[PDB]
């Protein structure tokens, strides 16, 4: 049982090489049609087989500033008290006030900041399998590191909010399974009450051979399929 066609195989091998040679490229296989029963099955499966030191679970709020060029400046807030403070303080604030606050934040362990270049990435769909393979550039802005000129707020930025409960399973030194309960909204109001969508991805930590990737994807498909 093979997942990739000959052309998909060759294109993915090039994507894997570009990922390994890149500075801030990420490689992700996104599984589609994940609903609540699938989410429950996947999460239960990985919790029982994964050693506790290799499980990470977090509740966090992502605030994405979407620019006219389609690129994104995203802040992830991991501190629960800070998430609550942000919501209460900015619930009725202007979008320009929110954007200015977002770009003013300094990164720390509880505040992750990334600039996502949505135009440099390659994304391919796979024939007859419900997955997409994506490579994308995500530059982390870290504490202590030299501050490079941040993007200018013009006032025409779009903002998106995603409240997430993520479970991350480090299956080996080179790959991690992320399963997430995501609440999405273009506004802050009643974000915690919007119906959840579910997302499942196999993200690389280091380059692996495509044959190893195909074996890992087959293992995940064996869990999600009835």
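Positions refer to the first chain, counted from 1.
*Asks:* Hey, which bit's got the bigger mean C-alpha B factor in the entry, 40 to 48 or 174 to 182?
*Replies:* Mean B over CA atoms: larger for 40 to 48.
*Asks:* Could you check which stretch, 131 to 139 or 100 to 108, carries the larger mean CA temperature factor in the entry?
*Replies:* The stretch with the larger average C-alpha B-factor is 100 to 108.
*Asks:* Highest recorded C-alpha temperature factor, please, choosing from 72, 93, 83, 75.
*Replies:* Each of 72, 93, 83, 75 was compared by C-alpha B-factor; the highest is 93.
*Asks:* Ranked by Cα temperature factor within the chain, is residue 21 in the lowest third, the middle third or the highest third?
*Replies:* Ranked within chain, residue 21 CA B lands in the highest tercile.
*Asks:* Lowest, middle or highest third of the chain for the C-alpha temperature factor of residue 58?
*Replies:* Middle third of the chain for residue 58's C-alpha B-factor.
*Asks:* Using the B-factors in the PDB entry, rank residue 187's C-alpha atom against the chain and give the third, lowest, middle or highest.
*Replies:* It falls in the middle third of the chain.
*Asks:* Quick one: classify residue 8 as lowest, middle or highest third of the chain based on its Cα B-factor.
*Replies:* According to the entry, residue 8 has a C-alpha B-factor in the chain's lowest third.
*Asks:* Is residue 28 in the lowest, middle or highest third of its chain when residues are ranked by C-alpha B-factor?
*Replies:* It belongs to the middle third of the chain when residues are ordered by C-alpha B-factor.
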